[PDB]
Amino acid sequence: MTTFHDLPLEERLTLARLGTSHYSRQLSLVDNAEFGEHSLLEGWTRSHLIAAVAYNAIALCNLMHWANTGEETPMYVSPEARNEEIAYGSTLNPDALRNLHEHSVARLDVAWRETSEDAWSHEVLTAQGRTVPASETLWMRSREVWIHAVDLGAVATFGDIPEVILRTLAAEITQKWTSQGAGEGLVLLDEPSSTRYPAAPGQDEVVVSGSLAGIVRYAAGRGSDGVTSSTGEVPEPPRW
(Lines of atoms letter the chains of each structure in order from A and count residues from 1; the text may use other names and numbers.)
(Lines give C-alpha, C1' and ligand atoms only; values in the text may rest on other atoms or scores of the structure.)
Protein backbone atom coordinates (compact mmCIF):
# COMPACT_ATOMS: atom_id res chain seq x y z
CA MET A 1 0.00 0.00 0.00
CA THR A 2 2.04 2.90 -1.36
CA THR A 3 1.68 6.52 -0.28
CA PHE A 4 0.82 9.54 -2.39
CA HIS A 5 4.51 10.51 -2.28
CA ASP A 6 5.73 7.40 -4.10
CA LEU A 7 3.24 7.74 -6.97
CA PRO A 8 4.41 8.93 -10.40
CA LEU A 9 4.11 12.70 -10.92
CA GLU A 10 1.33 12.31 -13.50
CA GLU A 11 -0.79 10.27 -11.10
CA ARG A 12 -0.21 12.89 -8.38
CA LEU A 13 -1.33 15.64 -10.76
CA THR A 14 -4.41 13.62 -11.72
CA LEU A 15 -5.35 13.18 -8.05
CA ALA A 16 -4.95 16.90 -7.38
CA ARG A 17 -7.11 17.72 -10.40
CA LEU A 18 -9.73 15.14 -9.43
CA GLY A 19 -9.82 16.56 -5.92
CA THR A 20 -10.28 20.08 -7.26
CA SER A 21 -13.14 19.03 -9.55
CA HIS A 22 -14.68 17.21 -6.58
CA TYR A 23 -14.32 20.32 -4.39
CA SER A 24 -15.69 22.55 -7.17
CA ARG A 25 -18.74 20.32 -7.57
CA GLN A 26 -19.50 20.87 -3.88
CA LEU A 27 -19.02 24.64 -4.19
CA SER A 28 -21.40 24.60 -7.15
CA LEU A 29 -24.01 22.95 -4.90
CA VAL A 30 -23.73 25.69 -2.27
CA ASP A 31 -26.05 28.64 -3.01
CA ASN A 32 -24.71 32.20 -2.88
CA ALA A 33 -27.10 32.96 -0.04
CA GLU A 34 -25.42 30.18 1.95
CA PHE A 35 -21.87 31.60 1.79
CA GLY A 36 -22.33 33.55 5.02
CA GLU A 37 -23.37 30.37 6.88
CA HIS A 38 -21.09 28.24 9.02
CA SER A 39 -19.02 25.68 7.21
CA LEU A 40 -18.71 22.26 8.84
CA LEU A 41 -15.32 23.45 10.07
CA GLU A 42 -15.59 25.13 13.49
CA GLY A 43 -14.88 28.85 13.33
CA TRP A 44 -15.24 29.19 9.56
CA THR A 45 -18.08 30.62 7.55
CA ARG A 46 -18.20 29.10 4.06
CA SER A 47 -16.83 32.40 2.70
CA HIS A 48 -13.76 32.20 4.94
CA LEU A 49 -13.16 28.62 3.82
CA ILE A 50 -13.70 29.32 0.12
CA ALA A 51 -11.34 32.30 0.30
CA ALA A 52 -8.72 30.32 2.23
CA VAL A 53 -8.72 27.58 -0.43
CA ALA A 54 -8.14 30.13 -3.19
CA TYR A 55 -5.33 31.78 -1.25
CA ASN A 56 -3.78 28.33 -0.77
CA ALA A 57 -3.78 27.90 -4.56
CA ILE A 58 -2.00 31.24 -4.95
CA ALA A 59 0.46 30.28 -2.20
CA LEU A 60 1.30 27.02 -3.99
CA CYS A 61 1.74 29.04 -7.19
CA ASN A 62 4.43 31.00 -5.35
CA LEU A 63 6.32 27.83 -4.49
CA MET A 64 6.16 26.66 -8.11
CA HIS A 65 7.53 30.03 -9.27
CA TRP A 66 10.35 29.68 -6.73
CA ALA A 67 10.99 26.18 -8.09
CA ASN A 68 11.01 27.24 -11.74
CA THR A 69 13.06 30.42 -11.30
CA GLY A 70 15.33 29.44 -8.43
CA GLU A 71 14.27 32.67 -6.71
CA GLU A 72 12.80 32.29 -3.23
CA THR A 73 9.13 33.23 -3.02
CA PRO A 74 7.47 32.06 0.23
CA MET A 75 3.94 30.65 0.29
CA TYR A 76 2.77 33.63 2.33
CA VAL A 77 4.18 37.12 3.02
CA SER A 78 3.76 36.49 6.74
CA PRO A 79 1.35 34.76 9.15
CA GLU A 80 -0.34 38.14 9.63
CA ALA A 81 -0.72 38.93 5.92
CA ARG A 82 -2.15 35.43 5.50
CA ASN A 83 -4.98 35.89 8.00
CA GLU A 84 -5.58 39.48 6.93
CA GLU A 85 -6.10 38.41 3.34
CA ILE A 86 -8.50 35.62 4.31
CA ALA A 87 -10.38 38.18 6.40
CA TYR A 88 -10.64 40.45 3.36
CA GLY A 89 -11.63 37.66 0.98
CA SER A 90 -14.35 36.41 3.33
CA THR A 91 -16.16 39.75 2.88
CA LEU A 92 -16.34 39.56 -0.92
CA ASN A 93 -19.66 38.80 -2.59
CA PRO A 94 -20.40 35.16 -3.49
CA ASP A 95 -19.76 35.52 -7.23
CA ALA A 96 -16.47 37.37 -6.69
CA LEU A 97 -15.37 34.43 -4.55
CA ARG A 98 -16.47 31.85 -7.13
CA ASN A 99 -14.40 33.75 -9.71
CA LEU A 100 -11.39 33.86 -7.37
CA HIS A 101 -11.62 30.13 -6.74
CA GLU A 102 -11.93 29.37 -10.44
CA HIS A 103 -9.11 31.66 -11.54
CA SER A 104 -6.76 30.61 -8.75
CA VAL A 105 -7.37 26.96 -9.70
CA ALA A 106 -6.67 27.67 -13.37
CA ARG A 107 -3.45 29.54 -12.62
CA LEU A 108 -2.07 26.80 -10.36
CA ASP A 109 -2.76 24.17 -13.01
CA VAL A 110 -0.92 26.27 -15.60
CA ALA A 111 2.00 26.63 -13.18
CA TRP A 112 2.21 22.84 -12.79
CA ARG A 113 1.89 22.17 -16.51
CA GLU A 114 4.71 24.57 -17.39
CA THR A 115 7.02 23.28 -14.66
CA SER A 116 10.31 21.78 -15.85
CA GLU A 117 11.53 18.31 -14.92
CA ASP A 118 14.33 19.64 -12.69
CA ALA A 119 12.03 22.21 -11.07
CA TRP A 120 9.83 19.45 -9.64
CA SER A 121 12.68 18.41 -7.36
CA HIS A 122 13.69 21.98 -6.51
CA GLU A 123 13.77 22.56 -2.76
CA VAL A 124 11.18 24.91 -1.22
CA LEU A 125 9.75 25.80 2.19
CA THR A 126 6.15 25.27 3.31
CA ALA A 127 4.32 27.72 5.56
CA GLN A 128 4.97 25.28 8.43
CA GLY A 129 8.73 25.46 7.92
CA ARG A 130 9.20 22.11 6.17
CA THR A 131 11.84 21.70 3.48
CA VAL A 132 10.35 19.78 0.57
CA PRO A 133 10.67 19.34 -3.18
CA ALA A 134 8.34 21.55 -5.25
CA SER A 135 6.38 18.41 -6.19
CA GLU A 136 5.11 18.48 -2.61
CA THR A 137 2.60 21.09 -3.81
CA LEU A 138 0.70 18.33 -5.60
CA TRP A 139 0.22 16.63 -2.22
CA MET A 140 -0.45 19.86 -0.32
CA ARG A 141 -3.14 20.90 -2.78
CA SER A 142 -4.75 17.42 -2.79
CA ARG A 143 -4.88 17.51 1.00
CA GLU A 144 -6.65 20.89 0.79
CA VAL A 145 -9.31 20.15 -1.82
CA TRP A 146 -10.22 16.57 -0.87
CA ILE A 147 -10.75 17.45 2.78
CA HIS A 148 -12.24 20.92 2.44
CA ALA A 149 -14.71 19.49 -0.07
CA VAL A 150 -16.29 17.84 2.99
CA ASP A 151 -16.14 21.03 5.08
CA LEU A 152 -18.24 22.88 2.50
CA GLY A 153 -21.25 21.06 3.88
CA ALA A 154 -22.87 19.87 0.66
CA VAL A 155 -22.63 16.13 -0.01
CA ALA A 156 -18.91 15.24 -0.02
CA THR A 157 -17.56 12.73 2.50
CA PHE A 158 -14.24 11.24 3.62
CA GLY A 159 -15.48 8.06 1.96
CA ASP A 160 -15.27 9.90 -1.36
CA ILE A 161 -11.52 10.41 -0.91
CA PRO A 162 -9.21 8.00 -2.79
CA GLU A 163 -7.68 5.49 -0.37
CA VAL A 164 -4.09 6.42 -1.27
CA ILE A 165 -4.86 9.95 -0.05
CA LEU A 166 -6.56 8.75 3.15
CA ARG A 167 -3.62 6.46 3.95
CA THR A 168 -1.17 9.30 3.38
CA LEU A 169 -3.29 11.53 5.61
CA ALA A 170 -3.47 8.91 8.36
CA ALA A 171 0.33 8.68 8.35
CA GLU A 172 0.97 12.42 8.06
CA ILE A 173 -1.36 13.49 10.87
CA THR A 174 -0.04 10.92 13.34
CA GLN A 175 3.57 11.59 12.27
CA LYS A 176 2.97 15.27 12.99
CA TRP A 177 1.52 14.53 16.44
CA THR A 178 4.47 12.22 17.10
CA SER A 179 7.03 14.86 16.12
CA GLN A 180 5.44 17.22 18.64
CA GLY A 181 5.04 14.67 21.41
CA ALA A 182 1.25 14.77 21.10
CA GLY A 183 -1.22 11.94 21.63
CA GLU A 184 0.78 9.90 24.14
CA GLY A 185 -0.47 6.32 23.98
CA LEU A 186 -3.05 7.11 21.29
CA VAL A 187 -3.06 4.75 18.31
CA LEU A 188 -5.36 4.86 15.26
CA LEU A 189 -6.34 1.50 13.81
CA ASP A 190 -7.46 0.87 10.27
CA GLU A 191 -9.29 -2.28 11.33
CA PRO A 192 -10.14 -3.71 7.89
CA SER A 193 -6.50 -3.53 6.81
CA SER A 194 -5.04 -4.11 10.28
CA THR A 195 -2.85 -1.00 9.99
CA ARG A 196 -1.84 0.94 13.10
CA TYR A 197 -0.98 4.65 13.02
CA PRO A 198 0.58 5.47 16.40
CA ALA A 199 1.24 8.92 17.84
CA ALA A 200 3.77 9.72 20.59
CA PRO A 201 4.59 6.74 22.86
CA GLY A 202 2.85 6.49 26.23
CA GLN A 203 2.20 4.03 29.06
CA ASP A 204 -1.57 3.83 28.65
CA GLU A 205 -2.53 2.73 25.15
CA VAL A 206 -5.86 3.81 23.72
CA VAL A 207 -6.75 2.37 20.32
CA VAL A 208 -9.28 4.28 18.22
CA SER A 209 -10.44 2.04 15.38
CA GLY A 210 -12.69 2.00 12.35
CA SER A 211 -12.42 2.13 8.57
CA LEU A 212 -9.71 4.28 7.02
CA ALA A 213 -12.27 6.99 6.21
CA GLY A 214 -13.41 6.78 9.82
CA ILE A 215 -10.02 7.22 11.47
CA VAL A 216 -8.98 10.00 9.08
CA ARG A 217 -12.16 11.99 9.79
CA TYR A 218 -11.41 11.46 13.49
CA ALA A 219 -7.71 12.37 13.31
CA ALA A 220 -8.45 15.46 11.19
CA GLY A 221 -10.63 16.64 14.07
CA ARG A 222 -13.88 16.35 12.13
CA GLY A 223 -15.83 13.83 14.19
CA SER A 224 -15.77 10.50 16.00
CA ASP A 225 -18.88 8.98 14.40
CA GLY A 226 -16.79 6.56 12.37
CA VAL A 227 -14.71 5.16 15.24
CA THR A 228 -14.82 3.34 18.58
CA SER A 229 -12.33 3.21 21.47
CA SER A 230 -10.62 0.26 23.15
CA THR A 231 -11.43 1.92 26.48
CA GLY A 232 -15.07 2.50 25.59
CA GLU A 233 -14.59 6.27 25.35
CA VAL A 234 -13.13 8.06 22.33
CA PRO A 235 -10.87 10.87 23.54
CA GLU A 236 -10.55 14.13 21.64
CA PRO A 237 -7.51 13.76 19.34
CA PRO A 238 -4.58 16.19 19.40
CA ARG A 239 -5.24 19.21 17.21
CA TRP A 240 -4.34 19.27 13.52
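So that there is no doubt, residue numbering starts at 1 and follows the sequence shown.
For the stretches 71 to 79 and 158 to 166, which has the higher mean C-alpha B-factor as given in the deposited record? 71 to 79 has the higher mean C-alpha B-factor.
Look over 225 to 233 and 14 to 22 in the entry and identify the one with the greater average Cα temperature factor. Between 225 to 233 and 14 to 22, it is 225 to 233.
Looking at the C-alpha B-factor values in the deposited entry, which of 192, 214, 181, 43 comes out highest? Answer, based on the entry's C-alpha B-factors: 43.
For the listed 136, 151, 123, 144, which has the peak Cα B-factor recorded in the PDB entry? Comparing C-alpha B-factors across 136, 151, 123, 144, the top value belongs to 123.
Residue 115 by Cα B-factor - lowest, middle or highest third of the modelled chain: Highest third - that is where residue 115 ends up once the chain's C-alpha B-factors are sorted.
Based on the deposited C-alpha B factors for this chain, I'd like to know if residue 174 is in the lowest, middle or highest third. Within its chain, residue 174 is a lowest-third residue by C-alpha B-factor, going by the deposited values.
B-factor third for the C-alpha atom of residue 48 within its chain: Middle third.
Quick check for you: using the entry's CA B-factors within this chain, is residue 56 in the lowest, middle or highest third? It belongs to the lowest third of the chain when residues are ordered by C-alpha B-factor.
Report the third (lowest, middle or highest) to which the CA temperature factor of residue 91 belongs, ranking only the modelled residues of the same chain. Answer is middle: the recorded C-alpha B-factor places it there.
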